[PDB]
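Trainee: So I pulled this structure from the PDB, and the sequence comes with it:
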Amino acid sequence: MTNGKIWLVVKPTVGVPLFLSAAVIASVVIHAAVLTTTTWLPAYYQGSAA
Amino acid sequence: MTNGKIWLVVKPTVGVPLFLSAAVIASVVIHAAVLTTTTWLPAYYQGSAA
Amino acid sequence: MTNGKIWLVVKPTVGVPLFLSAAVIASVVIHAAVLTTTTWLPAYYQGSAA
Amino acid sequence: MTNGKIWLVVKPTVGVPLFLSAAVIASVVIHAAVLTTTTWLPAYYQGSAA
Amino acid sequence: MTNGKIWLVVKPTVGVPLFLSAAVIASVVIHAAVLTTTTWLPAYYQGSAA
Amino acid sequence: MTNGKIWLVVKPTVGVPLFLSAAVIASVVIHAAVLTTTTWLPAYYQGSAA
Amino acid sequence: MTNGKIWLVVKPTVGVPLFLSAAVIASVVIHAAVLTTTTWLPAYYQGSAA
Amino acid sequence: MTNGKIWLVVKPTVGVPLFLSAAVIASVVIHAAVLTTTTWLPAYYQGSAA
Amino acid sequence: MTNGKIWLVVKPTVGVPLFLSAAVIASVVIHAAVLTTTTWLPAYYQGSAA
Amino acid sequence: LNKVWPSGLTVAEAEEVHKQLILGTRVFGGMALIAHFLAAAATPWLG
Amino acid sequence: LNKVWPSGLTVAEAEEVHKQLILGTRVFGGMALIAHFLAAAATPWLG
Amino acid sequence: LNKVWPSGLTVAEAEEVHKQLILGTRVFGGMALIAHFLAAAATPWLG
Amino acid sequence: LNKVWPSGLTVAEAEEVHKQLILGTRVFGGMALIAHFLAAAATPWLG
Amino acid sequence: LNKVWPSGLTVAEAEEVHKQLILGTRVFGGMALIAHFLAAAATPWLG
Amino acid sequence: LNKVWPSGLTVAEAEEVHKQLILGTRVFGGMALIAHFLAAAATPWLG
Amino acid sequence: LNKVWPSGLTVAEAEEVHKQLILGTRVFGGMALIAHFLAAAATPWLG
Amino acid sequence: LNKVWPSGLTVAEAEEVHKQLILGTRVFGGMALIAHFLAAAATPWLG
Amino acid sequence: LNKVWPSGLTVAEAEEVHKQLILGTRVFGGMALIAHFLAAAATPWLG
Ligand code: BCL
Ligand code: BCL
Ligand code: BCL
Ligand SMILES: COC(C)(C)C/C=C/C(C)=C/C=C/C(C)=C/C=C/C(C)=C/C=C/C=C(C)/C=C/C=C(\C)CC/C=C(\C)CCC=C(C)C
Ligand SMILES: COC(C)(C)C/C=C/C(C)=C/C=C/C(C)=C/C=C/C(C)=C/C=C/C=C(C)/C=C/C=C(\C)CC/C=C(\C)CCC=C(C)C
Ligand SMILES: COC(C)(C)C/C=C/C(C)=C/C=C/C(C)=C/C=C/C(C)=C/C=C/C=C(C)/C=C/C=C(\C)CC/C=C(\C)CCC=C(C)C
Ligand SMILES: COC(C)(C)C/C=C/C(C)=C/C=C/C(C)=C/C=C/C(C)=C/C=C/C=C(C)/C=C/C=C(\C)CC/C=C(\C)CCC=C(C)C
Ligand SMILES: COC(C)(C)C/C=C/C(C)=C/C=C/C(C)=C/C=C/C(C)=C/C=C/C=C(C)/C=C/C=C(\C)CC/C=C(\C)CCC=C(C)C
Ligand SMILES: COC(C)(C)C/C=C/C(C)=C/C=C/C(C)=C/C=C/C(C)=C/C=C/C=C(C)/C=C/C=C(\C)CC/C=C(\C)CCC=C(C)C
Ligand SMILES: COC(C)(C)C/C=C/C(C)=C/C=C/C(C)=C/C=C/C(C)=C/C=C/C=C(C)/C=C/C=C(\C)CC/C=C(\C)CCC=C(C)C
Ligand SMILES: COC(C)(C)C/C=C/C(C)=C/C=C/C(C)=C/C=C/C(C)=C/C=C/C=C(C)/C=C/C=C(\C)CC/C=C(\C)CCC=C(C)C
Ligand SMILES: COC(C)(C)C/C=C/C(C)=C/C=C/C(C)=C/C=C/C(C)=C/C=C/C=C(C)/C=C/C=C(\C)CC/C=C(\C)CCC=C(C)C
Ligand SMILES: CCCCCCCCCCCC[N+](C)(C)[O-]
Ligand SMILES: CCCCCCCCCCCC[N+](C)(C)[O-]
Ligand SMILES: CCCCCCCCCCCC[N+](C)(C)[O-]
Ligand SMILES: [Ca+2]
Ligand SMILES: [Ca+2]
Ligand SMILES: [Ca+2]
Ligand SMILES: [Ca+2]
Ligand SMILES: [Ca+2]
Ligand SMILES: [Ca+2]
Ligand SMILES: [Ca+2]
Ligand SMILES: [Ca+2]
Ligand SMILES: [Ca+2]
């Protein structure tokens, strides 16, 4: 909330795409980690075929 | 719906290709995850050859 | 059909190469997925050698 | 044959290298796929050493 | 605290995104290392499933 | 031989490095493929140590 | 200490981010090497679990 | 020896770094290939330890 | 020693970072090769643990 | 309201762009919702 | 009408570009539809 | 206060941008908090 | 006919460029067709 | 002291930027320190 | 014929460039042809 | 001595930049030296 | 002869650049030839 | 001799740059030579 001056020295057309892209990548990384390390999430995708 | 001012500070020729590219990549990631973790989707590709 | 104004704010020299490149990559991904997950497509390449 | 206006909105110095590069990469991908999935093409390289 | 003159010769629009991106990547690397080398963190994700 | 007008619309400082780089990469790919798929080329490097 | 004229011909906005990024990457490489080649460092992460 | 006009249409700022970088990469590729495919070069590094 | 005119046609802000980066990468490659192809270097990291 | 912001757009142009993005998202989402019902019906996912 | 937008195109030019993209997509889709019927007929996919 | 900084924004514009980023973060976080409660309830995580 | 489009080409120049691309594609395709017949004849592919 | 350096900042602006970076680092570090104590208490790390 | 095209070359300059590329390709091909005969003679490839 | 070199710096500015880099390197090295002694004492490395 | 080509060089400067590249290549090749004889003598390669 | 070449340097500046590169290389090489003797003495390499 107090960091709003960051946009005086970082171009928003750089930093805003980077910020949102980093969030998106982070979410994918977390979902991929859960998928690769649990049995229960791949079992959810496998469904009744197991 | 309320975020339309993003295009005052992000160039659409950056952000719109990025937005659509991210959607496309996300879809591929999901399809690839289902393909790699289920048996039923590769069995669908394998068809009657199984 | 209704999205033609996209080329007012995305440069075609960016978006048209990206659009066609994404289609090309998508096609390769699909062909590679079928090749790597079926027996019948590699058997087609193998031909009379098996 | 009818798409020649593409060069009004795509720079040829972008699109022509991309077009030819994509063709080259595609050919390599196909040759690599045949090499990796057949026995007969590796046997051709192996020659009389088998 | 004494290095504030770095922003006289490095563009903040370069260095501030790089600085924060490096921190984000570093955190992911550490979390990924713990996930891939312990049993207790994947057991935490696995939960009651096993 | 008939394609010399390509340099009216592709910058040679783009296309000539790309052309030669692609040739170099192609050669490496072919040598690598032979090395990885034959026994005779590895045995040539191994020499009398076998 | 005697190389300070490097900043007459290298832009600091290039070279200073590169210098610090290379240091950061080098540190990660060394830590990753120790983690992947010793038993004692992963045992330290594993803690009382095993 | 006869190709010196290449520097009329390729920028040396591009082509000379690329030329030398390609040579450096090629040398690394050859050394790495010998290291990975022979026993005698790994044994040379291993020395008296085994 | 006789090649100093390279900096008439290569920009030092390109070539000097590239030169030093290549040296740094080369050193890492050599250290990594020794680490991955000897028992004695990982045993040095492993120390008294095994 | 004629102020041209650092993207090169005015406020009104930026809203016009985003409204088309909102519309396109709704179309994609409608198709995706149908695809999920088809996936649930035709695949072993959810039984 | 004559306004040049940040892409460098006018409204009419942008519609002309997109119409060619629409046409090309229809050609690609028609060929792909034929290829899917061939794939269904000649491969084990769908039996 | 009308000074234009190297990003091309004024102080007031930079705060206006960031306030929207703050708002969007709160929306994302509210949704993520709900998703974590759903994950805790419906998945084996946390039992 | 004089209009220079955002690629830097006129309509006539753009058609001239594409016609050479069409010609080159036909040459590549003719060679590829011959290569496929050779591949079918000499390799186990298609028997 | 009003000299503008190659970054586009003055000395005073560059210090103002860095002071916010220092503040943000202290916040991150305070949170990270708490997270390490939580990790030590709740995980098998350090026993 | 003095027209400077978007690459920055004239027609005559572009042909002069390509002719050197053609010449270099012929040299590379001649060497490669010799190398293939050596490969066929010295390696197990082709017997 | 007021000559501006292709980096945009004068000799004096370039020396001022590098001196801060030298100082920072010494700080990093001092910390790294302490960390190596800790690593030698606390880990199985060097016994 | 004093024409400046799109690289920014004259014919004479371009030849001067290439001569230094030719010279450097000969030095590299001389060293590489010696290294190959050493490799043949000291390694199992070629016996 | 005061000619400014496409790098932005004069002949004299380019030689001054390279001489510092030569000096730095000699320092690196001297250290590397010592490190190889240490490696030969302390590691199983070369016995
Ligand atoms: C067997 C079938 C597979 C599967 C196969 C696929 C495939 C294949 C695809 C998807 C796609 C999607 N799947 Mg599914 N999917 C599965 C199960 C799930 C589950 C689940 C828990 O089981 C969930 C939550 C989802 C959810 C989703 C969506 C996120 C996504 C389509 C979004 C869209 O159209 O938005 C449109 C949005 C709207 C119309 C309105 C949005 C309005 C709200 C208010 C906006 C809030 C924004 C928020 C606060 C901030 C966002 C920040 C940004 C991320 C930066 N699927 C199963 C396991 N799914 C598609 C996809 O991701 O495409 C890119 C896709 O291609
Ligand atoms: C089971 C739990 C895991 C673990 C999980 C995590 C996770 C997960 C994270 C960390 C993070 C961090 N961990 Mg921990 N961590 C573990 C064990 C350790 C051990 C150890 C030897 O056991 C150490 C040394 C650390 C240390 C660290 C920090 C380096 C880092 C947070 C820094 C920060 O906030 O700075 C703030 C700094 C300050 C407030 C003040 C600094 C002042 C000093 C004087 C500055 C000196 C500068 C120096 C001289 C030069 C620096 C050069 C630059 C690097 C270029 N952890 C265990 C094994 N750790 C976090 C991280 O890296 O985030 C990016 C993170 O996300
Ligand atoms: C167990 C220990 C390891 C090992 C561990 C390491 C590690 C670790 C490193 C090296 C490094 C180096 N090692 Mg050792 N090294 C081993 C065994 C070898 C063997 C061998 C056949 O056994 C060789 C030839 C080398 C050789 C080399 C050098 C190439 C290099 C340092 C160069 C330098 O300082 O130049 C300085 C140059 C000079 C002072 C003068 C040069 C003058 C001459 C006339 C210039 C001629 C130029 C030529 C014609 C053209 C060059 C073209 C360019 C490549 C583009 N090592 C053993 C197996 N070695 C270091 C390195 O590469 O750092 C980047 C490094 O970090
Ligand atoms: C288990 O983990 C796995 C492996 C699955 C990994 C996890 C993956 C996850 C978490 C995936 C999540 C995916 C999500 C969140 C997907 C979201 C998809 C969305 C929201 C898609 C939206 C699509 C919108 C589209 C296609 C909009 C198109 C708009 C168009 C074409 C209009 C274009 C024109 C303009 C923007 C402006 C025109 C100009 C004017 C002046 C009017
Ligand atoms: C199981 O998961 C796997 C592994 C399979 C991964 C999943 C993959 C998935 C989900 C793949 C999905 C693929 C999709 C959605 C593919 C879509 C393809 C489409 C829509 C292709 C469209 C092609 C269109 C083409 C080729 C159009 C060409 C147009 C041309 C050449 C005209 C060019 C000219 C202009 C644009 C303007 C000219 C200028 C003027 C002034 C008129
Ligand atoms: C075990 O380790 C694993 C494998 C899991 C790896 C570890 C992963 C970790 C550590 C992940 C951590 C993730 C974190 C920290 C995620 C943080 C997420 C956050 C904070 C997300 C925030 C999202 C915010 C959003 C979506 C905001 C959107 C804002 C919008 C759309 C407004 C856009 C407009 C403007 C910015 C300005 C408009 C202009 C005006 C003039 C008003
Ligand atoms: C099983 O799945 C696997 C693994 C196999 C992956 C799947 C791969 C797939 C699906 C591959 C598909 C490949 C395709 C579709 C390949 C298409 C190839 C084509 C269409 C090639 C065309 C080549 C055209 C060439 C080489 C044209 C050259 C033209 C030249 C040299 C003329 C250059 C000059 C100008 C353009 C303008 C000159 C200027 C003037 C003013 C006249
Ligand atoms: C075993 O090896 C493994 C695998 C673990 C790998 C090893 C990993 C290692 C060695 C990791 C080390 C990690 C370290 C050293 C992490 C350090 C983290 C730090 C120092 C983080 C600092 C964060 C600081 C933040 C988030 C600061 C934010 C500041 C903000 C938002 C203010 C933004 C505004 C401005 C800069 C200027 C505004 C303008 C004005 C005019 C006032
Ligand atoms: C089984 O599959 C595997 C794994 C093997 C993968 C498959 C690989 C495949 C399919 C590889 C195919 C490779 C091909 C097609 C290679 C083609 C090579 C060619 C055509 C090489 C041509 C080389 C040409 C050279 C080196 C020309 C050099 C020219 C020079 C130096 C002149 C430079 C000067 C100018 C261009 C202009 C000067 C300016 C003036 C004003 C005169
Ligand atoms: C077994 O092989 C493995 C796997 C281990 C791989 C091998 C890895 C190897 C060989 C690693 C080697 C690592 C080395 C050589 C690391 C070297 C580290 C050094 C020298 C680090 C130096 C750090 C210096 C720092 C952090 C300096 C910071 C300076 C600052 C913040 C000042 C910034 C301000 C300015 C530059 C100018 C300000 C402007 C003014 C006008 C005053
Ligand atoms: C089995 O397959 C494997 C795995 C082995 C992969 C296959 C690899 C293969 C096929 C590798 C092939 C490698 C080749 C072909 C290597 C070629 C090497 C050559 C030709 C190296 C040449 C080096 C030349 C050098 C270092 C020249 C340096 C020149 C300098 C320093 C002068 C710099 C100055 C100027 C250019 C201009 C100065 C300005 C003036 C005004 C005078
Ligand atoms: C088995 O195969 C493996 C896996 C090992 C792979 C094979 C790897 C191989 C083949 C590695 C080969 C490595 C080689 C050839 C390494 C060469 C290293 C060299 C030559 C290093 C040179 C270092 C030079 C340095 C650090 C110089 C620094 C200079 C400085 C700091 C001065 C900076 C200032 C200026 C340039 C200009 C200042 C301006 C003025 C106006 C005076
Ligand atoms: C983006 C491409 C994703 C390809 C994913 C498929 C990789 C192969 C999956 C394992 C092999 C499946 N199998 C055994 C039926 O062949
Ligand atoms: C691998 C580390 C990469 C560090 C980031 C690259 C160096 C900074 C490049 C800055 C380019 C923009 N510039 C010159 C205007 O500052
Ligand atoms: C793969 C090696 C790449 C080496 C660097 C090639 C040149 C990079 C671009 C900088 C030089 C061009 N320019 C016009 C800015 O001077
Ligand atoms: Ca179902
Ligand atoms: Ca079928
Ligand atoms: Ca639960
Ligand atoms: Ca056949
Ligand atoms: Ca604990
Ligand atoms: Ca033979
Ligand atoms: Ca110890
Ligand atoms: Ca020998
Ligand atoms: Ca020894």
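Mentor: Yes, it's here. Numbering: from 1, shown residues only, chains lettered A, B, ... in the order given. Ligands and ions are numbered 1, 2, ... in the order given.
Trainee: going forward, measure contacts and count neighbours with C-alpha atoms only.
Mentor: Will do.
Trainee: Now do the contacts for the nearest residue to residue A:12 once chain neighbours are set aside.
Mentor: The shortest distance from residue A:12 to any non-neighbouring residue, by Cα to Cα, 6 or more residues apart in numbering or on different chains, is to residue B:9 (5.7 Å). The neighbours of residue B:9, taking Cα atoms under 8 Å, 6 or more residues apart in numbering or on different chains as the test, are A:12-13, J:5-7.
Trainee: If you tally nearby residues, what's the number for residue J:25?
Mentor: Counted with other Cα atoms under 10 Å in any protein chain shown, residues neighbouring residue J:25 total 12.
Trainee: Past the lengthiest helix in chain A, which element shows up next along the chain?
Mentor: Longest helix in chain A by number of residues (criterion: DSSP state H): helix A:12-37. Next in sequence after helix A:12-37, counting helices and strands by DSSP states H and E, comes helix A:40-46.
Trainee: Now find how far off-centre that next one is within its chain.
Mentor: How far helix A:40-46 lies from its chain's middle: 20 Å, per Cα atoms, centre = their mean, to the nearest Å.
Trainee: Against residue M:39, how distant is residue J:15?
Mentor: The spacing between residue J:15 and residue M:39, counted by Cα to Cα, to the nearest Å, is 57 Å.
Trainee: Mind checking which of these two has more residues around it?
Mentor: Neighbour count, other Cα under 10 Å: between residue J:15 and residue M:39, residue J:15 has more, with 20 against 13.
Trainee: So what's the residue count around residue A:8?
Mentor: 23.
Trainee: Neighbour-wise, which one of the contacts of residue B:9 leads?
Mentor: residue A:12 leads the contacts of residue B:9 on contacts (other Cα under 10 Å) with 27 neighbours.
Trainee: State the distance from the residue of chain A found nearest ligand 21 to residue J:45.
Mentor: Ligand 21 sits closest to residue A:36 of chain A, with a gap of 47.6 Å, by Cα to the ion. Using Cα to Cα, residue A:36 is found at 18 Å from residue J:45.
Trainee: Neighbour count: those two, which is higher?
Mentor: Taking other Cα under 10 Å, residue A:36 and residue J:45 do not tie; residue J:45 has more neighbours (18 against 14).
Trainee: List the residues that contact the residue lying closest to the more buried one once chain neighbours are set aside.
Mentor: For residue J:45, ignoring the flanking residues on the chain, the nearest one in space by Cα to Cα, 6+ apart is residue A:47 at 4.4 Å. Each residue near residue A:47 by Cα under 8 Å, 6+ apart is listed here: J:44-47.
Trainee: centre of the chain versus stretch J:32-47, how much separation?
Mentor: 21 Å.
Trainee: is that stretch up against ligand 16 anywhere?
Mentor: Yes. Shown here: stretch J:32-47 in contact with ligand 16 (Cα under 5 Å from the ion) through J:40-41, J:43-47.
Trainee: Name only those of those residues that count as buried.
Mentor: Buried members of the residues of stretch J:32-47 next to ligand 16, counted by 16 or more other Cα atoms under 10 Å in any protein chain shown: J:43-45.
Trainee: From those, pick the one nearest chain G.
Mentor: The closest of those to chain G turns out to be residue J:45 (Cα to the nearest Cα; 35.1 Å).
Trainee: Residue J:10 and residue K:5: what is the separation?
Mentor: 11 Å.
Trainee: just residue J:37 next, same as before
Mentor: Taking Cα to Cα, one finds residue J:37 at 41 Å from residue K:5.
Trainee: Please list the residues of chain A that sit near chain E.
Mentor: Residues of chain A lying near chain E by Cα under 8 Å from any Cα of the partner chain: A:9-11, A:14-15, A:34, A:37-40.
Trainee: quick one: which of these is nearest to residue G:5?
Mentor: residue A:9 (27.8 Å; Cα to Cα).
Trainee: does the residue nearest the centre of chain J sit in a helix or strand, and which one?
Mentor: Chain J has residue J:25 as the residue nearest its centroid, 1.2 Å off, counting by Cα atoms, centre = their mean. Element membership for residue J:25, per DSSP H and E: helix J:11-42.
Trainee: is ligand 4 contacted by that helix?
Mentor: Yes. Using Cα under 6 Å from any ligand atom, helix J:11-42 reaches ligand 4 at J:16-18, J:20-21, J:24-25, J:28.
Trainee: Tell me what angle that helix forms with helix B:12-37.
Mentor: Here the directions of helix J:11-42 and helix B:12-37 differ by 10 degrees (axes from the mean of the first three to the mean of the last three Cα atoms, to 10 degrees).
Trainee: and helix J:11-42, how far out from the chain's middle?
Mentor: With Cα atoms, centre = their mean, you get 4 Å for helix J:11-42.
Trainee: buried residues in it?
Mentor: So, applying 16+ other Cα under 10 Å, buried residues of helix J:11-42: J:11, J:13-15, J:17-19, J:21-22.
Trainee: and residue J:4, how many neighbours does it have?
Mentor: 12.
Trainee: Quick check: the residue of chain J nearest chain G.
Mentor: Ranking the residues of chain J by distance to chain G (Cα to the nearest Cα) places residue J:6 first, at 23.3 Å.
Trainee: Report the contact partners of residue A:34.
Mentor: A:41, E:45.
Trainee: again, but for residue J:40
Mentor: J:46-47.
Trainee: List, one by one, the residues from chain A near chain L.
Mentor: A:1, A:3-12, A:40.
Trainee: If we use 6 Å, what do you get?
Mentor: Those residues of chain A that sit near chain L, judged by Cα under 6 Å from any Cα of the partner chain, are A:4-5, A:7-11.
Trainee: Of the contacts of residue A:47, just say which sits nearest to ligand 17.
Mentor: Nearest to ligand 17 among the contacts of residue A:47, with distances taken as Cα to the ion, is residue J:44, at 21.0 Å.
Trainee: three-state assignment of the closest one?
Mentor: coil (DSSP: H, G, I helix; E, B strand; the rest coil).
Trainee: Out of the contacts of residue A:47, flag the one nearest to residue L:33.
Mentor: For those, the nearest to residue L:33 is residue J:46 (24.3 Å; Cα to Cα).
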